[PDB]
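The structure appears right after this line, and notes come after that.
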Amino acid sequence: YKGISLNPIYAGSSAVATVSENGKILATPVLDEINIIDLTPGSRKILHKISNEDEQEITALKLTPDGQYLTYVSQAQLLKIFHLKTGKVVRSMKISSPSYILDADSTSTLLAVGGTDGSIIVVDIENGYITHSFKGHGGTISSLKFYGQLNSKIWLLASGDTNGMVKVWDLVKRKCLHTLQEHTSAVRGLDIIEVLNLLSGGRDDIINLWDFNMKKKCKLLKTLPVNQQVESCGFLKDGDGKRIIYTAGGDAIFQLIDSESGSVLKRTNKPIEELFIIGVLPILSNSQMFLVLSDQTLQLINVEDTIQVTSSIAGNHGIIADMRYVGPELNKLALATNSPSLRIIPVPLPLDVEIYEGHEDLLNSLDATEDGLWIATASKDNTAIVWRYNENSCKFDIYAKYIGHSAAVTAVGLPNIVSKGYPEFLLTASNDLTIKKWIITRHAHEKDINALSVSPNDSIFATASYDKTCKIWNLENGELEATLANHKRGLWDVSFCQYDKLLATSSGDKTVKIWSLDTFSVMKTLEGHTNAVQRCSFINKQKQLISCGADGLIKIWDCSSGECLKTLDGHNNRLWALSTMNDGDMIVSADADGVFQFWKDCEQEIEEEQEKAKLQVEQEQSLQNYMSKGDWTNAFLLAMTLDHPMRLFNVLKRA
Amino acid sequence: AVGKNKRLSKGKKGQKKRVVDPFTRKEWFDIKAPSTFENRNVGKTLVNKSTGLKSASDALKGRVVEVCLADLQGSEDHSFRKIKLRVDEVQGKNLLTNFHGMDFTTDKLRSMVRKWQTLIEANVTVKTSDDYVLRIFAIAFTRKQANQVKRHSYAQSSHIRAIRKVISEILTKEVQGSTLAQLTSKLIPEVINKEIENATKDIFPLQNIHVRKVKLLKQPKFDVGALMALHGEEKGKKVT
Amino acid sequence: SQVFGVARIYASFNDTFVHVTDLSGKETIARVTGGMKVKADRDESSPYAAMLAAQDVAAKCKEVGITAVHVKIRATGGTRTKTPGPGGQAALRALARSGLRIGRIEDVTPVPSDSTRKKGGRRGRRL
Amino acid sequence: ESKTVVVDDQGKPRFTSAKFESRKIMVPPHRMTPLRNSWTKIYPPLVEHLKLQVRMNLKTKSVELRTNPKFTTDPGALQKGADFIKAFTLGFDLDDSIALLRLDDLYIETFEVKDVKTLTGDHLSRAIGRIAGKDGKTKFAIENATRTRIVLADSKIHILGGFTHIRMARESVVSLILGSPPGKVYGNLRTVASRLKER
Amino acid sequence: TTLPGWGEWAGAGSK
Amino acid sequence: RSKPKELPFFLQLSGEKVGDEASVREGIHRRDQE
């Protein structure tokens, strides 16, 4: 089978990705690697991943405003500076202190690192030698800031202490110019603005402004409060007169406020997501911003009381509960993750995500229509919201909503929708036995209900659970038809065979049972797995039934056979989300990891087998006719290609 | 174990994404001992957040810290000693603290335990002049004489009960005569056990006479002014 | 100067808990497990598990920014053994080699003065 | 270091380049007597190969070890010396405590007869005589088999050595405590010594 | 029988 | 056919020679001669 793997981009380590001044570039830390991606409109690709050591994780990394170097500190107290052109590390040297803040100048010659011990260093970039070391304050640094003019002879250095003090140094004098104690918390945001004036964001409430001179002339220009914990801050020239102040603060709120007045001028949005904006990557020339967010996401922003976001990209789809196919074109993918938003990805490189937040808790379960436009997302919140998507311009409508029962709706199922697209009913299942069926209500499973299954003819419904029993009933009523009543240790998954008209049960142990809908009996039993199948799926061909597996693998058998046909082992740890496109019969699998794989059979292997056998036949007959006629050159060529030593030696004898 | 052959259970069916940012939402708070100690500035604690000042206050009032007198007073002779305190009041990243209890270390107790002598314990129950209900555990050992030819040093139960009564009298008298901070100052230079030693000097030669443990049982009503006094007012910064 | 942590190390017979807390034991800094460290069921009491655990919690401790630490081991206690383990010694060596400034080591194991009957029986508990 | 900026091409600036720790360990006097007796060979392995300051307060019956930062930059050495003195004070011999200093994977386990199976008085006496064997012969057999070292106190039993070695020795001595006859002990002993010699 | 040790700090640094 | 014919203090042992079969299952001089 062909298999296409997609990997998590911004995963694992909590180190902010860096870009250059151009937007066609980015570099993310996964748990041990820094994967660098060229970010073009459309042609977003990957250059290369760097694989220094899987033991240590990258503490921090920095990419200069030109795509020329990557300077990164791993877990060990040492920096590695990396040439981007050659794709090779330039230098590496230790620092004896875990660094956390890396500030490069706009010019690509000078960089500074600062960590926890209090001492920081400024180092040259083109030659990795420390220009000078500042002992700094007696506190863990939280932010750095430069003042880079291209043609001048003075550069500045502001430190953000964990204490409420900024130490502005000289660099051509290597002298602490001023020490301004104003905050009560760590200075997370820093900014140096041209005349001098100064800005400093302390995480408690504060955005300080300082009138400043190289001499002793420094006082408080102003101080600004924000209704959040400020994570980063700075200036923007839009509004040349009222030089606006941008503030990326904890509740994922990126405000634009005035310098002259304390009033806000422009907020972005109030996210239902309770996600910390882990920073902003400004451009300040393209009026573009990259709001990097603790759900490993980035927000393209254009700047001129809400901000219309320019774009949204993900860098991770970490833990995925379920995969679904969206669109009559079947190109979008519904991602039921452990996040309170259905994630839409496209089927193909960094793929932008489309997040739909309908509830505040994670998507417990998912179902969708074969004909596209209707979705049903059930949360760990007690809601089960049924959605219109429209195959035109990407609208998401959550007009349909079920308050349901008073428990976590662990499952939602739909057999068929009317041609009006008017949802008739949904079957909602919970962690407890508050299972019901809600139009646009039974009690069977003592243990937790594990799975649903829809009969495609809108006839019957079968449900697996942990108490080794599945229930089959009529869809229109709540009257129970029958019970599959037995297994060893539980049941994980059920699936209806429509062209075969059967039932499949991934059990709680390492096996699967096939049930005839006629006899209500064990039609077949399938073994061969190790720990937990958790997903028994029907192939589009309705012969090669698939089982995923929590050991991290895939194993497939013909339904009529009972012997496992093939086995794929792409994922590492587990395997949770499993789906299949039918028109192109493509198996799609997602583990607990952020890695993913497409799969598809091809009979071209059989075609090529026929062709190579044909070619063997033809050249064999050519060799035999040569053994008749002569042309011992061509005969010997054929004998070498055929590895026929007797005939070859005969050719040599004749020659 | 999280191995691939670790057999799956119910367990991590539904989990979450590590986005809480605990060490950024948390806040360090320096606790500080009463004025009876040398190094009052010892130890900073982390408050979970800052939006709930109420939560900060109740958590810091529920904090029961412990320290040793060695690191408290710079004299590492009192490494075996250990006390518990509790932050009673807060003031702008600085937290007033007050005494709560006392004990030794188990290895000290074990080393003091020997095989050829008798251990006596006194467990008195008392209330101070500061109305702090308290329970005191003290211990001592039956040493031998310099002239002792005997392998052991064992005394009569009459001596045991007499010395017990003597000790408990000493404790009750001294505590009822004392207040809380006065008891702490008495507690510091081990003078009380020396007093008991000079009292029991006529009955029997003893050794390793030590107050083992202190148990706060009840505390009286709240007095922030008294706490500020025993520890040793504030304007703002004109934010605009 | 320095800032101190509370390195409570439970040395279980078939497990290792390396939990660090802040002052008063309330702000729980980190917590880790031997089997989680090395994903095996025999090796949940492994000195190697102790090594990797101490390295990782030292990484977290230097991450939050705590430099010095008082470390308090604790055995099983109860009616069981009250002597900490070779996993505890391994973890102690590994954290000392991690280099967090050790202020003071303690063995705070819950010792019964006078307990109840154990689950052993009249002939013995194990083997 | 003087301070002057060099403006390179493209206006780029150019510069040029510019704790003790201690541990304390008590000692009981019955262990202090051979400590005083053979103190002379104790410090030469450590002060020379580990560079660790030693003091011994006979006033406090303890030994102090201080790492100097310039004289010593070795993280686990103070810890290793602490393990060394712990093993000796627990009752192990000088050479095996030095062996613990040579290696780093030598580990100690102590346990009690009342922790495994509580016994009383003369039953405990007969059990100690059993687990000792005639003139420590069985103890020597265990030590030679598991390549472990054993210290037999009143109830505290200390076993030094490798992890699975002291594990096997623990299983064996648990059998002895529970009442195993020494012949079947010897059978299992040569069995486990056979597989351990084969590995 | 002069014993570094019991008397004062016996170490590689000083005495 | 005629040429004539003819300790460290801190030892280094591995997890099989010592009993660290945990590290064995998790397993992960000619230069000096030259």
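Here the Cβ positions follow ideal geometry from the backbone for every residue, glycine too, while neighbour counts run over all protein chains shown. Read-outs throughout are calculated quantities, based only on the coordinates presented, and are distinct from any laboratory measurement.
Among A:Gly562, A:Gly594, which is among the small types (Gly, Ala, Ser), in contact with a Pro (Cβ under 9 Å, 6 or more places away or on another chain) and assigned to a loop (DSSP other than H, G, I, E, B)?
Going through A:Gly562, A:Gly594 in turn, just one is among the small types (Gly, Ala, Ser), in contact with a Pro (Cβ under 9 Å, 6 or more places away or on another chain) and assigned to a loop (DSSP other than H, G, I, E, B): A:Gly594.
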Unmet requirement for D:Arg23, which otherwise passes all of (1) within 12 Å of chain E (Cβ to nearest Cβ); (2) among the basic types (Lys, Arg); (3) surrounded by 14 or more Cβ atoms within 10 Å (Cβ to Cβ): (1)
Hits in the range A:432-486 - residues which are within 38 Å of the chain's Cα centre (by Cα), farther than 19 Å from A:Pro415 by Cβ and small (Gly, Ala, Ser): A:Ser465
Residue check, A:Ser133 within 8 Å of chain D (Cβ to nearest Cβ) and of a type outside the set (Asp, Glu): yes
Hits in the range B:84-110 (condition: farther than 19 Å from C:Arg74 by Cα and β-branched (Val, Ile, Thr)): B:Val87, B:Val90, B:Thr97
First in the range A:102-116 and closer than 23 Å to C:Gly65 by Cβ, second anywhere and among the aromatic types (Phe, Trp, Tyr), Cβ under 8 Å, 6 or more apart: A:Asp103/A:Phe146; A:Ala112/A:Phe146; A:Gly114/A:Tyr100; A:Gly115/A:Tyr100; A:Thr116/A:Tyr100
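Residue-wise test of (1) surrounded by 15 or more Cβ atoms within 10 Å (Cβ to Cβ); (2) touching a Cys at 6+ places or on another chain (Cβ under 9 Å); (3) within 11 Å of chain C (Cβ to nearest Cβ).
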position	(1), (2), (3)
B:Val2	no, no, yes
B:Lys12	no, no, no
B:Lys16	no, no, no
B:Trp28	yes, no, yes
B:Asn41	no, no, yes
B:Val47	yes, no, yes
B:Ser50	yes, no, no
B:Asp58	no, no, no
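In this structure, is A:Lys145 among the charged types (D, E, K, R), assigned to a strand (DSSP E or B), away from chain D (no Cβ under 14 Å) and surrounded by 22 or more Cβ atoms within 10 Å (Cβ to Cβ)?
On the way: among the charged types (D, E, K, R): yes; assigned to a strand (DSSP E or B): yes; away from chain D (no Cβ under 14 Å): yes; surrounded by 22 or more Cβ atoms within 10 Å (Cβ to Cβ): yes.
Considered against the rule, which asks whether it is among the charged types (D, E, K, R), assigned to a strand (DSSP E or B), away from chain D (no Cβ under 14 Å) and surrounded by 22 or more Cβ atoms within 10 Å (Cβ to Cβ), A:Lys145 comes out as yes.
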Among residues of the range B:201-225, those that are within 21 Å of the chain's Cα centre (by Cα), hydrophobic (A, V, I, L, M, F, W, C) and surrounded by 15 or more Cβ atoms within 10 Å (Cβ to Cβ), counted: 4
Identity of the residue in the range D:65-84, buried (at least 19 other Cβ atoms within 10 Å of the Cβ) and more than 8 Å from every other protein chain (Cβ to nearest Cβ), that ends up nearest to E:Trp6 (Cα to Cα): D:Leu65
Check on D:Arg126, outside any strand (DSSP E or B), of a type outside the set (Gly, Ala, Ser), more than 15 Å from the chain's Cα centre (by Cα) and surrounded by fewer than 19 Cβ atoms within 10 Å (Cβ to Cβ): yes
Within the range A:331-369, considering residues that are of a type in the set (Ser, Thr, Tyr) and under 17 Å from A:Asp397 (Cα atoms), the one farthest from the other protein chains (Cβ to nearest Cβ): A:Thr369
Residue check, C:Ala53 in a helix (DSSP H, G or I) and farther than 21 Å from D:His158 by Cβ: yes
Enumeration of residues in the range D:150-199 that are within 14 Å of chain F (Cβ to nearest Cβ) and either within 16 Å of D:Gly133 (Cβ to Cβ) or part of a strand (DSSP E or B) (or both): D:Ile159, D:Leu160, D:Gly161, D:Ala169
Selection status of A:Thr107, of a type in the set (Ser, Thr, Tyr) and not in a loop (DSSP other than H, G, I, E, B): no
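What do you reckon, is C:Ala53 buried (at least 18 other Cβ atoms within 10 Å of the Cβ), out of contact with any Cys (no Cβ under 9 Å at 6 or more places or on another chain) and more than 14 Å from chain D (Cβ to nearest Cβ)?
Judged against the criteria, C:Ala53 is a match.
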B:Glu76 facing another protein chain (nearest Cβ under 9 Å) and either surrounded by 15 or more Cβ atoms within 10 Å (Cβ to Cβ) or on the phi < 0 side of the Ramachandran plot (or both): yes
Checklist (1) among the small types (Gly, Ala, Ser); (2) at the interface with chain D (Cβ under 10 Å from one of its Cβ atoms); (3) buried (at least 19 other Cβ atoms within 10 Å of the Cβ) applied to C:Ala91, failing item: (2)
